[PDB]
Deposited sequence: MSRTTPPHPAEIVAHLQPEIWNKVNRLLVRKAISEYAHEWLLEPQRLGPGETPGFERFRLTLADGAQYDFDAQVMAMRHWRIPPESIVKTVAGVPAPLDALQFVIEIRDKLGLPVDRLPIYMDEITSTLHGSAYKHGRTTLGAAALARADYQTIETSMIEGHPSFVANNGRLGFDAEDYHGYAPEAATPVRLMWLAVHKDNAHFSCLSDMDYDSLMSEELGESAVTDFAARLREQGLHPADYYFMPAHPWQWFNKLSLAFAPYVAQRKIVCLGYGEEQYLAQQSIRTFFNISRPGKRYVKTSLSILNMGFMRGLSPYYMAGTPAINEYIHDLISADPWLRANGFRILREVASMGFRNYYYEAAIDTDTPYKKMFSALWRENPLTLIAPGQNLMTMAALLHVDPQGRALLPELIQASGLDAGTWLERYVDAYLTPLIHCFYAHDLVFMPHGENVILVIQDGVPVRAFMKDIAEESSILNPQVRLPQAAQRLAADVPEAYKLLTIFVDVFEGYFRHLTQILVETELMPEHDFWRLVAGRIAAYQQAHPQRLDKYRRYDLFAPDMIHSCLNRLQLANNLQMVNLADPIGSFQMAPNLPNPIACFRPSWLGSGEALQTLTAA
């Protein structure tokens, strides 16, 4: 393999294209979070926009068109952005922009080059994604679950430096990046019960999980392998790992355990998987209806996987699932979690003895198995990550209109179906159960039926969910699920993760594609919320206490939070109270 081929995707014209796209996002999102305060100049190059200026690193100047939409959202046509340096035209360069605003960023000058490296890696991935052979909007909107999953481009829509994958070298990138869509086999390891522990749903056990996941031959073959090298299979579980994790972290940092045979490399599994958008979660493409496998993966990307939550994970999941199943409204709506049914943690007592506090060092060797949603839908239904609604192909065409065209519904009707499948159950979960998730594009999977959103699956459960009520009666293993939260913070999941985190980006698509005016979308959302409250009038106490129609709401600045690693925003639905 010629050593140049790993960066063949890095060419001048494509680099320039993705840089312009990222400068737009950086300007939009930093402005949104008050890191940038653009100065209005006059009317825009495009009619209906106004022109703004940023005057930066003593020389650098960026003029652009913007329309400032709800929640202080800067809608910026990428082609409108004009950089000059002391009166001279200069190409848009996203790394250079971040440098020009380094003082405004507030980065200790030793985390700065790290953040620069994340921007660069984000660009490098973006170049690859825009250059690769891929389906356009029309075709993608009609494509299967996994084709859609691996064809996503944007990543998290608010984080500028959202796609770092720092730790993957150039070859790792092509084997393991979700966007390379290269089948991956998991690494199987025998893990000593001195170090390893397993948890699962009450109706299952380790042996039945393995029977299902590996089969009798593979499991027999593993025990034999161990016994054949003089070891006692009775002392071990079998545990999957990301191959990168094995070569980069476990064979090395965990050398004492390998040396002492507390970890034994058994080799690659037979079945092939595709990396999901989360990178560390894998979908089995070899065989039907098998669970996802989520592994620990020590790369930097905005922020591994811990065994101390791997003790209580299935129990948290069993509780939430039984709760949702026993609720007649949720039953009727069809909203459902995908259970993390079994988890396993290898505990590194060296790191645990050295560090008493929370650390990524305790989270380097864990696995869980997650329910496969294909098994839970009907013929004539398909699945897609909710991130797909925000998708724009390399030609600049949005997926959403193509999906709505295929459904045969007007945008209003389609959007109502979507809101009641996605937003309404979250609101019910909060009002009825104080139960909250992390409801972003990557954690939500929509069940689609001939173009129409019918219902939603929620994933990423044990690590993201809370019951906002310390009095809730929880099984002993699930206790962490309960949380005691300031009043102002209870509705954050809607205000922060739904409205500002996801809907803010959706309406920009709605407006660019002329599917619906912004005011019409917020009115639609307010109406779905109001219709819910009317159908469940007995929780008026809670509707008034936690007012979704309050004039303003807490603004969490995601990038500023990543950079550290604001005043209230007006509520877009306030005027519909």
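In sequence order, the deposited residues that have no C-alpha coordinates form the ranges 1 to 6, 310 to 312, 575 to 590, 603 to 618.
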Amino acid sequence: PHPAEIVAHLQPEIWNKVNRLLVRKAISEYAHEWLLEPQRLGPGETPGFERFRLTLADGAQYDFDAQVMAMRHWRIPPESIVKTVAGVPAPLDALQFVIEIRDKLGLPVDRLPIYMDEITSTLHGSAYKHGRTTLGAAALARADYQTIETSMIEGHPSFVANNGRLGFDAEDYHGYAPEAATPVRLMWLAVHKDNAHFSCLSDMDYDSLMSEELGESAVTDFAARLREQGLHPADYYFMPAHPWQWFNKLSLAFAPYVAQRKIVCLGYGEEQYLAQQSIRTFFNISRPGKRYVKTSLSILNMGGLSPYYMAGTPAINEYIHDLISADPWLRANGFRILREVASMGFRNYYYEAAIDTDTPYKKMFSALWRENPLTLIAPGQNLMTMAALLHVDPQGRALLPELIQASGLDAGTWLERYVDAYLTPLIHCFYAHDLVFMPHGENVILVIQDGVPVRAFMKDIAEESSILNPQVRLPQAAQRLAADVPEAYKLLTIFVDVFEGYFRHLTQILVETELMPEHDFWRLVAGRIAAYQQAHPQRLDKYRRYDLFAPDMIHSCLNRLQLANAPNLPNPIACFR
From here on, numbers count along this sequence of modelled residues.
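Stretches 177 to 185 and 309 to 317 differ in mean C-alpha B factor, with the higher average recorded for 309 to 317. Taking only CA atoms, the mean B-factor in the PDB entry is higher for 205 to 213 than for the other of 116 to 124 and 205 to 213.
Of the residues listed, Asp420, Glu154, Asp484, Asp460, the entry assigns the biggest Cα temperature factor to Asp484. Highest C-alpha temperature factor among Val447, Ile148, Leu435, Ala478, as the PDB entry reports it: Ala478. Compared with the other modelled residues of the chain, the Cα B-factor recorded for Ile14 ranks in the middle third. Ranked within its chain, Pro453 lands in the middle third, by CA B factor from the PDB record.
Split the chain's modelled residues into thirds by C-alpha temperature factor. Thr424 is in the lowest one. Placement of the Cα temperature factor of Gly501 within the chain: lowest third of the modelled residues, per the deposited record. In this PDB entry, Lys129 carries a Cα temperature factor that places it within the lowest third of its chain's modelled residues.
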